[PDB]
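Look below for two forms of one protein chain, each set out as structure tokens: first structure 1, then structure 2.
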Structure 1
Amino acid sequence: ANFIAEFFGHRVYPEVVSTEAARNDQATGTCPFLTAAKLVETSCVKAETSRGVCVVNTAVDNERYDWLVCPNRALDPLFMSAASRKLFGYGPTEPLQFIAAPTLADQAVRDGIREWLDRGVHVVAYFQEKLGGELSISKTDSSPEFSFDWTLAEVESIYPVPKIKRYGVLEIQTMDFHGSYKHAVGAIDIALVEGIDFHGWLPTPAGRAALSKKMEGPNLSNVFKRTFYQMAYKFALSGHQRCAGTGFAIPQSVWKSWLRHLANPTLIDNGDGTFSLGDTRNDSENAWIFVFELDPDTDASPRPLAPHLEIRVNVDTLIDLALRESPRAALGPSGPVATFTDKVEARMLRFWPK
């Protein structure tokens, strides 16, 4: 029922979408997303028990879902540049240059940036775990330590010393799972090395069994617990003058799983290709949730990220929905808590003999 969906960036379950490059990435063991970003060959960062498992496919409530399972699978600079526009308040057709932070060591691009600042072209450099390293805000007696997945830097000048106008934050959350992939990885790895035709073997019942061997479901409530807190906290930090906006990038599958956690919220249609969660018409701290898909239309080797839903969020609404609205629905007339007393009595009754 549960399947490894992508193996080193390339589809294996729903379709075995494999070109010549797909054969190579899997044989060498290379995450194509780190390689394309850094322009240097890079193997997946994961331990042997889950090596190359970038996406897992499962059903919840009788519907199929791709679950991103590696933060590096959502390492799509092109998508992040687009989401950046919404954070810094740029138009859709505005000149923008989105470069990595390690590139700043190169003279050729430092001379290039200066020319862009003269033209009025926006220059944003990003700091990411494997591309420059993350940035952190230190703990206090009244505040905990925090780290940002993507720190965006809007450049003002770099003439003598690099200086920024504003900064941006993108937070990525994928999904973690129950159990292990060890058995599914182990079974498909022997068909990779010892086997003579791997891609022709994956769509077969034997390969489909191997891709699913002891594969379990997603840790749904776990990521909501961890991501909700970071949302509420980091969105409040976005209200700082020098912070242009904070956005959380999450897959469609993850967004849908959060709906019950948010008391089944109705999104407001703004008529601007964007949606809103609560009243964002006043005193806004430019808080965003970018719900993305794995592009089902591209045909290109690794499916890139495509926008699915762009939600501007009211923080107090987000807090109120999760911690007040949802419990009240659980305390509803036909809800689970109404019948709980009978459940306790039923569970007690099981210990009675005969």
Structure 2
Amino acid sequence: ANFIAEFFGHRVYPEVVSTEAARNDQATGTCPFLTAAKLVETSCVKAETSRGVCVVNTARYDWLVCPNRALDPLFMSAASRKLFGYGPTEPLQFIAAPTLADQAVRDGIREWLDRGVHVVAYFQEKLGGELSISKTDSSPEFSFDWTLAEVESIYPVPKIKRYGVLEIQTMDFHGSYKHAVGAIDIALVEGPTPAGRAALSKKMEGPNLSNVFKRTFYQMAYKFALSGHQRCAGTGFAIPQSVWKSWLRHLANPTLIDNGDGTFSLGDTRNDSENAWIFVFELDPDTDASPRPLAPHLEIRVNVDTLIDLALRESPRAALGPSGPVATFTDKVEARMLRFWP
């Protein structure tokens, strides 16, 4: 029970990856997803209390902890193709706000725009910083974890054709990582084993599953509403299979409709004027090469009226069953009063 799954982007718990990349990344202390995004060596921006523990596995499900771990080229492209109306093959390139500074990258995109390549610049907390929609007297401010921007020009001045937003869902873990991260620290410095791996696992409590959908729903329901409209191309939510299972509860376990393509959809999409997406990805796919690529397991097109109806109409309908938790709640009360009886 309870173990660190990845250490600096490389597996450790079920399979212990020790490749030419995994050797150096661990020692130098580098989260590769940021380094690949930029063009320069950068560390996992977490505190030394919970350093390279970018992914964690408990009783057997993996969980996403470092939001920077979501920066997977294979996932980015996959998600962006559905947010902006792209086909499977259309040429696609991603930048990152800070890397607009060097001439080499700019020459590349100029050459790319000329031949019709979809150039997308992304903005993220530790990269180019993240961006927010303005407050209004009738609507609130919202921040995006990822802001994807269809670049169309960078020489007269920066100009963007359209924009998408992606939201990355991370998990909390009650206690601290300091014993687990502390134990594997001395092991890594100078000098797989059942005795050694047991120490790196035994230290931390389980997931903080209390808020997995409670904190997310509103901004999701809200940001999904803005998706198909007003130079906003689409809104997506990125979640691991672990979190999707939890989500199915709050959504009264529906049945996804499997479209012609490798696509599923909540409710009827046939004529949907929004562009809302939920991407369920696998943390450990069939392959085991380099850092594990975040493959899209499920690509779900959301119907906002079904998401609201399921979450807030159909779900509490199941809670109001004639044998359900609201009918039997009075019993919990009565039993608790008994505790006080002399």
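Start at 1 and count along the sequence of structure 1; that gives the residue numbers used here. By rigid core we mean the largest C-alpha set that fits within 1.5 Å across both forms.
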Which of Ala232, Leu277, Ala263, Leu104 is displaced between structures 1 and 2 by 2 angstroms or more at its C-alpha, rigid core aligned: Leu104
Core-aligned C-alpha movement of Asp295 between structures 1 and 2, 2 Å or more: yes
Did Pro92 shift 2 Å or more between structures 1 and 2, C-alpha, core superposed: no
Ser136: Cα shift of 2 Å or greater between structures 1 and 2 (core-aligned): no
Core-aligned Cα shift of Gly217 between structures 1 and 2, given in Å: 1.8
C-alpha positional change at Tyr159 between structures 1 and 2 - rigid core reference, Å: 4.3
Inter-form CA displacement between structures 1 and 2 at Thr174 - rigid core frame, Å: 2.3
